[PDB]
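One chain is shown next in structure tokens, namely the form deposited in one PDB entry.
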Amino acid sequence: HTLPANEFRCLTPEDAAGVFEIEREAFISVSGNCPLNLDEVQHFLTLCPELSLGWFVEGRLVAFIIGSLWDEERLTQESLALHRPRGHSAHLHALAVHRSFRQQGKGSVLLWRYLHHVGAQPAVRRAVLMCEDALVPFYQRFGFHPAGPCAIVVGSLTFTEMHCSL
């Protein structure tokens, strides 16, 4: 009968649309590329929805995490579009908060619930993601440790890989 003022839930391919939209502003408007395009978004939301998480305010996605499982110590170019069911690592492909909802602890909040959410799964024993050097201290507040230069290349952009024991 109404729109919950706040709701945290796993995503479904129905939210792919909304995810890309925030990606356009969050990444493309900046570097010219984005972590996941609509097909990639629907791909992981189809194969491993339980690895995603969204914050809906008044029926609108304001934050999201799109995961997938990895089975190697470090991230590679191929892992970018892969989901290793047999893996034990939660690979955070993308994390973003809406342009209008930033700097209000939402990213931090979503990130913590996410770590707790996937660490609840029997397989997931570690979390991994890549980020620009500017965000390394940010992810460290969550237990992530810088694991050196990430091998994944994206345009002219480089990233520092980070791992979090779960």
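From 1 onward, residues are counted along the sequence shown. Whichever C-alpha set is largest while still superposing within 1.5 Å between the two forms counts as the rigid core.
Keep in mind that the form deposited in another entry is not shown, yet the notes after this line are about it.
Trainee: If you line up the core, which of 140, 108, 121, 37 has a CA that moves 2 Å or more between this form and the one not shown?
Mentor: Everything else stays below 2 Å; the exception is 37.
Trainee: Is residue 26 displaced by at least 2 Å at its C-alpha between this form and the one not shown when the rigid core is overlaid?
Mentor: Yes; residue 26 is a residue whose C-alpha shifts (by 2 Å or more) between this form and the one not shown when the cores are overlaid.
Trainee: Rigid core fitted, then: does residue 57 show a CA shift of 2 angstroms or greater between this form and the one not shown?
Mentor: The answer is yes; the displacement is at least 2 Å.
Trainee: Did residue 101 and residue 29 drift closer or farther in that other deposited form, going by a CA distance change of 3 angstroms or more?
Mentor: They are closer; the C-alpha distance drops by 3 Å or more in that other deposited form.
Trainee: By 3 Å or more, the Cα spacing of residue 30 and residue 132 differs in that other deposited form; is it closer or farther than in this view?
Mentor: Between the C-alphas of residue 132 and residue 30, the gap narrows in that other deposited form (3 Å or more compared with this form).
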